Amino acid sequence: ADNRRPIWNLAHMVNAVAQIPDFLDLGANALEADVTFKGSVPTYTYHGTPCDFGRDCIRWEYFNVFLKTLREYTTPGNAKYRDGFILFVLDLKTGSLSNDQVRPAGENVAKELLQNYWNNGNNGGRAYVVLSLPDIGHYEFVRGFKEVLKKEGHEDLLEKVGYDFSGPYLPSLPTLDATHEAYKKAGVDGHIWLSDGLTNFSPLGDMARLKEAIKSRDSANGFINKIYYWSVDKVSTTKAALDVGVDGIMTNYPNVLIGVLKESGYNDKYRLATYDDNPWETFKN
């Protein structure tokens, strides 16, 4: 019945477990954590400096512990279960990996999620997971990731997994075509999130990039399911993001979007996504 676009309110840079309920309390239905690697081994949730103004940059957790904690918050029946916490983005810091490390990294992240988040399929967390890779050329990470899940007999868990290949930002930003191709190379034919944020390096081209992405998402044979925009932290920019048609707002202050979604106008066009909003489904209305 509801014709409003479901919005993911993604708490930005939530790398310490103590912060999780705090961001969820502010109204986030999703969070983003930065997954650091030591070689192919996903090691910490940790962003580091520099980071957004008004944020401490160095909060962290062991990756395993972070995932186990996400599981608690997203397992129905758990004492800590938050039914409003529906998705998390793993901002996978694979940018320094050698080529030989990319597939094993994907395998290692799969193993981590399987063991720690999905608990080997034994009543795991129900939240959707977006694997956000910073290089379209890292699609072997996804191939390895998928291969682990399939080999361990949990291919069904890929229902819960989405992908966002962005970058690299040098020597140039990938075009949408290139991105789409990267997905095909990864064997990804759905569950695709596109983010737009980090680079405000070519303002008029970035305005164009966002609109191009939105148009692509909303196009006949589009491949992008959701678009999220990051560090939207003010009412004005939150409204702008919603009004341009994004599905996801990544923000340091999830309460902002909550307030905006209450507002006249906004409240008849956009709504906070719930678990029953398939994050892999392109919004049409």
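One-based numbering along the sequence shown.
- Set 170-178 against 93-101 and average the Cα temperature factors; 170-178 ends up higher.
- When the two stretches 135-143 and 197-205 are set side by side, the higher mean Cα temperature factor goes to 197-205.
- Across the residues 185, 111, 191, 71, the deposited record lists the maximum Cα B factor for 185.
- The maximum CA B-factor among the listed residues 45, 221, 225, 40, taken from the PDB record, is found at 221.
- For residue 267, the recorded CA B-factor ranks within the middle third of the chain. Only modelled residues enter the ranking.
- Sorting the modelled residues of the chain by their CA temperature factor places residue 245 in the middle third.
- In the deposited entry, the Cα temperature factor of residue 237 places it in the middle third of its chain's modelled residues.
- When the CA B factors of the chain's modelled residues are split into thirds, the value for residue 210 lands in the highest one.
- Ranked against the other modelled residues of its chain, the C-alpha B-factor of residue 152 as given in the entry falls in the highest third.
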